[PDB]
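Notes to accompany the following structure.
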Amino acid sequence: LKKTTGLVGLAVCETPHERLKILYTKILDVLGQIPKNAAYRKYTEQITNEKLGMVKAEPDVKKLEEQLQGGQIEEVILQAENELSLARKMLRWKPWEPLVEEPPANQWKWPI
Amino acid sequence: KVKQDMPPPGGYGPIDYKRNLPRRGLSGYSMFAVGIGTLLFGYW
Amino acid sequence: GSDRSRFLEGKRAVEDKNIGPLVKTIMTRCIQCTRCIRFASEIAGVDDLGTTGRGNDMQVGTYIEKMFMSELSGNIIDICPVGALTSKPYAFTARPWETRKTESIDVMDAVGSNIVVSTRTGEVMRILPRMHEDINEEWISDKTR
Amino acid sequence: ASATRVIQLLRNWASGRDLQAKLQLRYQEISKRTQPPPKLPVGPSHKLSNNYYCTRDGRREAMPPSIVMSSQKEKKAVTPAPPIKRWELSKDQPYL
Amino acid sequence: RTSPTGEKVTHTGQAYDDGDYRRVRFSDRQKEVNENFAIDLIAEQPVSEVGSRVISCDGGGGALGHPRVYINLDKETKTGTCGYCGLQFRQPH
Amino acid sequence: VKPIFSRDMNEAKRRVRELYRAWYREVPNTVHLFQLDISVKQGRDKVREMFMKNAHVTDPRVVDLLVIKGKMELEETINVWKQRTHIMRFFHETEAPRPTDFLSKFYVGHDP
Amino acid sequence: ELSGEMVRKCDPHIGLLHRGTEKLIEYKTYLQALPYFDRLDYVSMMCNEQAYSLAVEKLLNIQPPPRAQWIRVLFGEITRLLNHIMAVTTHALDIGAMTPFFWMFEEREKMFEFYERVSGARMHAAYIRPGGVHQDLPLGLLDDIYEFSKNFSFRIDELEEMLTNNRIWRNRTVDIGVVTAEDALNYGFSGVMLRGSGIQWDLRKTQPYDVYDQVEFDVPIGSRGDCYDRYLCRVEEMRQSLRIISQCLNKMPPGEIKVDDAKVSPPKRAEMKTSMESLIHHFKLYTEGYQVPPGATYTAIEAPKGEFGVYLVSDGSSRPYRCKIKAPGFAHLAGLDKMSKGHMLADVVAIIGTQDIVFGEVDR
Amino acid sequence: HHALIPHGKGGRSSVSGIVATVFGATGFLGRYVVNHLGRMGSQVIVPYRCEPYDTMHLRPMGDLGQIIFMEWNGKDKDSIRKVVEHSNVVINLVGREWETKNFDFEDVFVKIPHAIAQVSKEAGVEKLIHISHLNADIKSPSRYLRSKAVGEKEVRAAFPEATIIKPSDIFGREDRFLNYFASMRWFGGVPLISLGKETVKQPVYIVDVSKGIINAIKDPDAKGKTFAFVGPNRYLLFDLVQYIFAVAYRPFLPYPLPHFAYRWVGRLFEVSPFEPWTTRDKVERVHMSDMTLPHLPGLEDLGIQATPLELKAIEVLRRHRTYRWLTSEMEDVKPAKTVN
Amino acid sequence: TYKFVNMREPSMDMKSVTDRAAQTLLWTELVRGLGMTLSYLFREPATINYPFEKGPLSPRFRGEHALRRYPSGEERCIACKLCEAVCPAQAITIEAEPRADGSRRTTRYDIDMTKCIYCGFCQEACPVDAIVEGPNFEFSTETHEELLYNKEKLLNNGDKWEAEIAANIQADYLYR
Amino acid sequence: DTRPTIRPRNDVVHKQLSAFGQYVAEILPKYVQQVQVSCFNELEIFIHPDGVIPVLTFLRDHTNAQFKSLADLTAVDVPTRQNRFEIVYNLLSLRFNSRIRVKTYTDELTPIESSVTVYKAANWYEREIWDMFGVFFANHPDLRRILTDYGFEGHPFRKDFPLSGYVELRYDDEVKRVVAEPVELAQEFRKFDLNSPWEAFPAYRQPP
Amino acid sequence: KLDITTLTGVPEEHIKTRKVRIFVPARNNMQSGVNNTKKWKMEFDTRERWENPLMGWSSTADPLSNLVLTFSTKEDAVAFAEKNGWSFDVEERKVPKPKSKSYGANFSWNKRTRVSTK
Ligand SMILES: NC(=O)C1=CN([C@@H]2O[C@H](COP(=O)(O)OP(=O)(O)OC[C@H]3O[C@@H](n4cnc5c(N)ncnc54)[C@H](OP(=O)(O)O)[C@@H]3O)[C@@H](O)[C@H]2O)C=CC1
Ligand code: SF4
Ligand code: SF4
Ligand code: SF4
Ligand code: SF4
């Protein structure tokens with residue numbers, strides 16, 4: 001097994017595949033709680049499905065890390081946790097709704 | 001002709017940039033033996 | 001324009017012409033734009049300025065040693081783009097970037113010409129016209145200036 | 001340096017290295033303080049022909065930023081850039 | 001020169017008047033005055049004669065002087081004067 | 001417009017009173033800790049004076065911001081982040097009295 | 001707040017050196033604002049010039065000449081040696097090791113006259129300007145730099161002899177101020193404060209500038225995030241700088257040291273005193289300066305203390321509208337309380353030193 | 001001849017046209033007179049006979065070039081000439097409470113004043129401000145007050161239009177009156193003649209005296225007037241000293257010492273070649289009750305309202321307290337009884 | 001492309017463990033550092049005997065300012081005022097009038113050395129090599145007022161250091 | 001153009017940044033108002049001031065946007081707008097080796113949600129923005145003066161704040177303390193009018 | 001109405017006694033360029049500038065003597081002046097008249113526009 005993740009504060013996970021699968025399934029459920037036409041749901045579902053398929057395809061940890069291109073597998077697990085938290089927050093924010101308000105006249109004009 | 005400040009033809013010599021902290025002293029066995037021998041001579 | 005010069009030859013030099021006690025003339029800087037001639041002949045009615053010679057030797061200024069006497073002579077200093085015609089009283093006193101511009105009104109005559117008082121460190125360095133199409137257009141008198 | 005052989009040997013043993021080789025003080029290897037006059041070269045634009053500034057005005061070839069989306073009147077997910085390639089361990093001294 | 005108060009006058013003509021309190025700064029000290037009035041030093045330089053109708057002065061030394069300017073020598077009543085250097089030139093007459 | 005802390009001037013006035021109580025009860029400590037050479041009345045009157053300067057304010061957002069700055073000033077005084085120099089800056093002493101009468105102003109200088 | 005000598009709370013009060021540089025820059029032309037950056041990080045001067053120069057050149061849409069870039073990197077790494085010597089020795093000086101301070105500051109003196117021989121100033125050279133550098137290298141300077149860098153390796157090894165394996169130094173630094181990789185990124189740490197926790201990130205490798213993509217060097221990476229690992233990174237960075245310096249001393253190319261655009265960089269004095277066009281531009285560049293096209297940019301470099309960034313805003317005139325300066329030590333000092341949790345008073349002294357903080361840049 | 005138009009806002013970088021030569025500015029009152037002059041933007045000329053080091057505290061009081069230091073000799077009128085030559089105002093504060101080896105009360109309170117007044121007329125100085133003592137009597141028990149009266153007449157003879165100021169007992173941070181009584185704790189009790197029940201004093205704050213001098217210069221009517229600067233309250237000596245030991249939180253032990261014994265003690269402290277801790281004239285002056293002169297204008301006529309001692313006594317005597325009573329406020333101690 | 005500092009496990013051989021225990025007990029690395037500083041004791045110190053020995057300097061050194069004159073003896077300053085315009089500290093104050101000869105000569109050229117940043121921008125902007133930061137760096141004064149240089153101070157400075165200033169210009173002007 | 005004087009332009013990064021800007025705008029249309037890519041390959045996303053926390057949290061946590069490092073957080077004072085203060089966020093993505101900018105606006109009174117919960121570095125940056133400009137950040141753990149003096153009044157980095165300020169310090173011998181007094185300058189800061197009367201860049205010409 | 005005066009920190013003397021002028025700067029008559037006459041500017045009223053006794057430098061006690069704020073339109077400048085409680089004085093922008101110019105008039109047959117020299 002890997003002795004250390006290299007990064008300080010990041011511990012080696014003895015079960016990376018199972019944890020990744022669980023996190024991806026949770027992310028997919030939370031996205032399924034989101035309206036379909038929203039771009040966030042579509043994009044995140046595509047990314048999560050790709051990553052979950054890659055996880056299921058390769059049992060080798062190092063080959064899976066190389067295929068994911070997300071760094072070490074523990075970094076991938078942390079990314080999945082952050083994505084799950086982001087999806088849960090976006091469920092409350094609901095950014096798929098139209099723009100709150102247009103900028104007031106010449107608000108983004110440069111130079112003066 | 002142009003007379004800028006330029007490296008000599010062929011470049012400069014090799015510059016050392018790695019640590020060279022050498023190895024010094026005797027082994028632990030030898031140092032302990034010397035100490036114990038001095039202690040025994042003092043005791044006698 | 002470009003950022004360098006290909007002119008490897010020797011530049012010309014033009015003898016200065018004295019045209020009065022107000023307009024300091026360094027004619028080597030003249031670019032023969034004929035602004036002063038037209039201004040005199042039209043706005044001032046004084047047909048004294050003109051070009052003498054032809055080619056690269058053409059020189060602007062009165063052919064004889066004559067003084068350009070007019071109440072509006074001071075404006076040939078402003079119209080001239082190059083420093084060929086410059087204010088003798090204002091000569092060497094200050095640079096434009098340091099002067100503070102205060103927009104005011106002239107009181108020398110009853111025309112009420114709009115002027116700019118160029119001050120620097122609490123001192124009036126010069127007076128310049130301020131554009132007002134309905135009063136003085138772009139000119140001021142010699143007294144006002 | 002003006003150090004005797006005994007002092008030099010003591011210094012080298014205490015340091016554990018040959019100090020008389022890489023002396024920190026400078027004696028003669030420095031460059032002369034009166035160097036010959038130079039002759040610096042001109043840049044790539046010091047030519048008398050085919051050198052109009054419009055063909056080399058970098059300052060005027062900048063443009064206002066291109067607007068990609070304005071709120072005012074299946075796509076694949078896109079990253080800001082390709083993911084960074086994992087670094088490779090050094091081959092001079094991989095472990096210090 | 002010396003002002004009536006006994007104070008040396010600078011090349012700019014500045015000299016504290018007797019009715020000026022600012023002169024007290026020189027009581028136990030000196031007044032820094034340069035003793036090489038440039039206006040006197042240049043007028044000492046002779047007027048060079050050059051047969052050509054237009055000459056150019058760079059102040060001497062080439063790149064160690066001033067920008068090169070060309071001076072007309074047509075006026076026989078006066079002498080062409082360099083704007084930077086102050087040197088005078090005259091066409092032989 | 002979106003409020004800062006209060007939606008009504010009555011709510012804003014409540015925070016002003018709360019700040020005044022904190023300021024009023026701090027003055028005895030400020031004189032004691034900073035070893036000021038003034039009386040407790042002078043400090044408490046000074047607090048009243050500074051409050052009365054911002055008495056014409058009617059916008060609740062400005063009132064909240066003034067209280068926010070008021071709490072920040074109090075925190076520095078309580079934590080002795082300010083010094084005796086900072087505390088005594090309210091009591092302008094080295095400044096000469098500037099008369100507000102026209103004839104007095106006319107005599108002094110060109111001040112409009 | 002101390003409970004005995006345990007640090008319950010650590011509250012940094014800054015602004016005692018806040019001189020209003022960012023406001024003063026708005027009233028001065030782009031050339032006049034260059035010396036201001038020398039005073040931001042007054043331990044690493046020419047690096048600050050390079051970051052400002054790159055930001056202006058990016059807005060100017062110009063490119064410095066090839067020789068100037070190599071000079072910016074040669075003196076960029078000599079500047080790194082200046083800072084890391086100050087960073088390590090003064091850190092050790094505050095711990096109690098006073099001797100290595102004097103050993104390395106003699107080498108720091110030798111590098112100071114490298115600044116002086118090329119610009120005329122020992123610290124604030126104002127040498128790296130937008131468009132390249134100010135003057136070409138004086139004859140014989142490269143040889144003297146080689147002579148210094150030839151023997152500078154022994155000086156670092158002497159420094160390591162006194163600190164690296166000393167059990168007292170390790171007791172003062174090992175497991176002190178440990179920063180996790182995740183916290184370092186969130187808290188905005190950069191430079192050694194990141195690579196000391198194992199994060200593989202160097203702005204000279206990932207986002208190279210000037211000719212940093214043509215030099216070869218190794219990025220030292222820590223493993224525990226404590227003060228000792230960051231001490232090893234800075235010591236190794238000094239050794240890697242000598243690796244870069246040797247390449248710069250052999251790959252120096254012929255050519256001019258200023259962009260050949262007289263509307264940005266002033267012409268030569270020989271050209272200024274002979275060419276009408278050159279005198280006009282020299283007159284305008286030193287009175288009004290060059291106008292920068294309107295826009296904004298955030299240009300950041302791998303300064304010795306971390307990422308040094310400048311958010312330059314141009315309104316189209318010859319004076320910058322807004323110049324926000326990103327000090328690497330500004331974010332590092334913000335996390336001082338986070339790092340100094342459960343540590344004694346003596347450990348905070350170590351933690352302050354290991355963050356490599358100069359308050360000129362912190363209090364812009 | 002030296003007339004200057006004031007310019008600015010009266011701040012540090014302003015111009016006030018009050019170019020002055022403050023003699024004896026290296027002293028308790030001098031510091032405040034210079035500081036008040038300096039903050040207005042006045043060209044202050046500071047003559048000094050001491051080491052430039054002792055004059056260092058006067059340097060930050062004025063802007064660049066507004067404080068000129070130049071040495072002077074009290075026995076050399078020529079040195080006086082070069083320091084008052086370009087001054088439109090001359091202020092005389094030269095005065096020592098003890099006779100020295102080379103300077104006696106006559107030399108400091110008669111000869112020097114006369115020399116300053118005489119030379120100022122020669123140089124054309126417009127206004128002169130002389131500082132005498134409220135209790136200046138031609139037949140006073142103390143030689144200090146004796147010479148202070150002779151010099152007062154001589155100044156008016158040499159300089160007819162000269163403002164003469166007679167402060168009572170100036171008190172302040174560097175004062176030799178409030179600190180004098182507070183320093184008597186080291187000698188055990190507090191020796192007072194008749195237990196300080198037969199002496200009335202009316203001390204004046206240092207700031208008020210300094211502002212009175214500045215207002216006298218600004219006032220165009222002060223020429224030739226004789227002012228008397230006194231405090232707003234009159235205290236018995238016993239009551240004042242008890243209040244001094246009250247805000248200082250020191251044990252007050254007053255014992256009556258006969259006049260001959262107190263004079264004998266004063267003679268003993270005169271032996272010290274350095275500044276004496278007390279003097280026979282110092283004893284007589286302290287025991288002498290302050291005169292009342294309602295026929296002379298005071299601080300009130302100059303626009304400055306005198307500050308009561310109660311408000312500004314905490315500043316002086318806080319340094320005389322122990323660690324126990326350092327943070328105590330200025331309101332805990334009740335004001336002493338005033339004989340008004 | 002990256003290197004691992006630390007990250008070096010120790011060998012647990014009995015010989016290696018004994019060597020480490022000997023290092024711990026007999027303080028081998030402490031004696032090593034002691035020998036290092038003892039070796040530094042017998043080195044030649046790098047001190048220079050100031051003021052009898054002065055540190056190395058270069059012709060480009062930026063020190064006390066000075067107004068130079070033409071070989072003729074006349075001031076080079078023609079009051080173009082761009083040295084004042086380029087000064088980032090606004091230390092230079094210039095006033096000029098047409099002199100009695102009619103030339104461009106300054107009536108006031110005041111630089112406060114107490115505000116100057118010794119940048120050199122002034123000597124680099126001057127088109128006639130008039131203002132030049134000379135080689136002098138030891139001109140400390142006991143009062144603030146002495147650092148507010150007049151035109152007379154600068155002119156006097158230039159006349160004093162001309163020989164050296166000229167030599168430095170001649171040595172360095174080809175790089176400018 | 002080409003040749004050494006001009007700065008080379010990289011089209012690949014321009015295309016990538018434009019694509020990612022479109023991506024962000026699609027994902028967050030509720031707050032994103034405008035997206036720009038400068039010619040020197042810098043991406044800017046313009047966000048309604050209520051979108052500070054959502055957009056930043058997305059750009060920090062999203063798998064396709066790992067801007068986990070807050071490079072900078074500054075404000076720009078443009079007093080010619082209703083919302084003069086322009087808050088700029090500079091982010092760094094170590095995963096994709098790129099940077100992004102987020103710009104919002106606020107008045108002198110309307111507060112801005114504090115991004116401390118998103119980035120812990122935003123603490124001192126928001127404190128500095130408040131101290132220098134006066135922008136208030138709601139839900140901020142500790143908002144107070146960071147760079148100015150303790151008793152300082154006014155926000156200096158505002159465009160309408162004088163360069164020399166309103167007050168100055170000195171030591172007074174009477175009060176035995178450093179005292180603040182209205183600013184008086186021995187020499188006034190000489191304001192220079194440097195802008196040339198001729199248009200320099202025709203590509204930025206505003207409509208008449 | 002915005003009354004940010006209590007938040008700007010400006011002393012009372014520089015809020016009420018001031019007189020802000022809002023104007024488009026006039027074209028520098030020495031040049032034909034008009035690029036500077038495109039944005040509205042805001043400046044305060046000139047005050048005393050006395051002479052420093054030591055050096056003759058022009059001293060001042062006006063902190064707002066160098067403030068020149070640039071605005072895109074007149075309305076924005078007026079709003080900003082109203083925000084800080086400054087007594088503004090707006091001057092209407094002056095635009096040069098469109099002028100009928102004909103080169104052929106220089107050689108008129110029966111008109112005074114006929115020029116005598118070129
Ligand atoms: N409470 C009081 O102190 C009162 C004092 N006065 C009088 O008013 C003036 C106030 O001065 P004060 O603050 O007491 O001064 P100090 O006693 O504190 O210091 C005396 C000052 O006079 C100078 N001086 C004294 N003797 C000589 C001398 N022989 N030659 C030159 N200089 C001399 C000293 O200069 P240096 O330090 O160099 O010796 C110093 O500046 C004095 O004349 C004082 O007698 C009147 C009423 C009350
Ligand atoms: S206006 Fe000036 S440049 Fe034009 S012709 Fe007359 S003198 Fe020559
Ligand atoms: S300033 Fe103008 S007129 Fe004068 S020399 Fe230069 S280009 Fe010619
Ligand atoms: S010193 Fe040089 S740059 Fe300065 S005004 Fe004189 S000539 Fe011009
Ligand atoms: S060195 Fe720099 S700061 Fe000093 S006068 Fe010259 S340009 Fe100004």
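Chain labels run A, B, ... following the order of the structure tokens; each chain numbers its residues from 1, and ligands are numbered from 1 in the order shown.
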message = Could you list the protein, DNA and RNA residues that have any atom within 7 Å of ligand 3, counting only C-alpha atoms and all ligand atoms, and write them as an MDAnalysis selection string?
response = (chainID C and resid 29 82:84) or (chainID G and resid 280)
Requested write-out: N, CA, C and O atoms of the selected residues, as a PDB file, in the first residue's frame:
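Resulting contents of result.pdb:
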ATOM      1  N   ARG C  29      12.498  76.631 -36.078  1.00  0.00           N
ATOM      2  CA  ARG C  29      11.476  75.656 -35.728  1.00  0.00           C
ATOM      3  C   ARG C  29      10.243  75.736 -36.616  1.00  0.00           C
ATOM      4  O   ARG C  29       9.363  74.879 -36.499  1.00  0.00           O
ATOM      5  N   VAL C  82       4.247  74.663 -33.654  1.00  0.00           N
ATOM      6  CA  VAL C  82       5.649  74.537 -33.168  1.00  0.00           C
ATOM      7  C   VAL C  82       5.994  75.783 -32.351  1.00  0.00           C
ATOM      8  O   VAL C  82       5.207  76.746 -32.383  1.00  0.00           O
ATOM      9  N   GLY C  83       7.128  75.761 -31.648  1.00  0.00           N
ATOM     10  CA  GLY C  83       7.521  76.904 -30.805  1.00  0.00           C
ATOM     11  C   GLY C  83       8.260  77.961 -31.602  1.00  0.00           C
ATOM     12  O   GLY C  83       9.123  78.639 -31.018  1.00  0.00           O
ATOM     13  N   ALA C  84       7.935  78.101 -32.888  1.00  0.00           N
ATOM     14  CA  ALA C  84       8.560  79.143 -33.694  1.00  0.00           C
ATOM     15  C   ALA C  84       8.182  80.526 -33.176  1.00  0.00           C
ATOM     16  O   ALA C  84       9.043  81.390 -32.985  1.00  0.00           O
TER      17      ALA C  84
ATOM     18  N   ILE G 280      12.453  63.970 -29.183  1.00  0.00           N
ATOM     19  CA  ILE G 280      11.003  64.169 -28.894  1.00  0.00           C
ATOM     20  C   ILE G 280      10.544  63.050 -27.960  1.00  0.00           C
ATOM     21  O   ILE G 280       9.954  63.363 -26.914  1.00  0.00           O
TER      22      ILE G 280
END
List all protein, DNA and RNA residues that have any atom at most 6 Å from ligand 1, counting only C-alpha atoms and all ligand atoms, and write the list as a ChimeraX atom specification.
/H:24-30,48-50,74,93-96,103,108,131-133,167-170
| field | Residue contacts of residue 35 of chain B (12 Å, only C-alpha atoms) excluding same-chain residues fewer than 5 positions away, as a VMD selection string | value | (chain B and resid 28 to 30 40 to 42) or (chain I and resid 22 25 to 26)
Practice item. Within 7 Å of chain G, which residues of chain A are there when counting only C-alpha atoms? Please give them as a VMD selection string. Key: chain A and resid 6 to 9 111
Using N, CA, C and O atoms, can you write the selected residues to a file as an mmCIF file, in the first residue's frame?
data_model
loop_
_atom_site.group_PDB
_atom_site.id
_atom_site.type_symbol
_atom_site.label_atom_id
_atom_site.label_comp_id
_atom_site.auth_asym_id
_atom_site.auth_seq_id
_atom_site.Cartn_x
_atom_site.Cartn_y
_atom_site.Cartn_z
ATOM 1 N N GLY A 6 1.752 12.135 0.585
ATOM 2 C CA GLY A 6 2.645 13.228 0.258
ATOM 3 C C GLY A 6 2.172 14.538 0.849
ATOM 4 O O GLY A 6 2.911 15.204 1.580
ATOM 5 N N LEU A 7 0.936 14.917 0.534
ATOM 6 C CA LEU A 7 0.357 16.125 1.103
ATOM 7 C C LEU A 7 0.121 15.949 2.596
ATOM 8 O O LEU A 7 -0.286 14.878 3.057
ATOM 9 N N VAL A 8 0.377 17.009 3.354
ATOM 10 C CA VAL A 8 0.182 16.984 4.799
ATOM 11 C C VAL A 8 -1.302 17.133 5.104
ATOM 12 O O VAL A 8 -1.982 17.997 4.539
ATOM 13 N N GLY A 9 -1.806 16.288 6.001
ATOM 14 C CA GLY A 9 -3.202 16.289 6.375
ATOM 15 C C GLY A 9 -4.085 15.395 5.533
ATOM 16 O O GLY A 9 -5.275 15.261 5.843
ATOM 17 N N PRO A 111 -12.702 52.197 -20.574
ATOM 18 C CA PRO A 111 -12.481 53.228 -19.549
ATOM 19 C C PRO A 111 -13.730 54.057 -19.269
ATOM 20 O O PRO A 111 -14.766 53.856 -19.896
#
From a DSSP pass on the backbone, collect the residues of chain K flagged as strand (DSSP E or B) and hand them back as a PyMOL selection string. chain K and resi 20-23+40-43+51+58+60+68-71+88-90
request  = Kindly provide, as a count of residues only, the residues of chain G having any atom no farther than 12 Å from an atom of chain E, counting only C-alpha atoms.
outcome  = 15
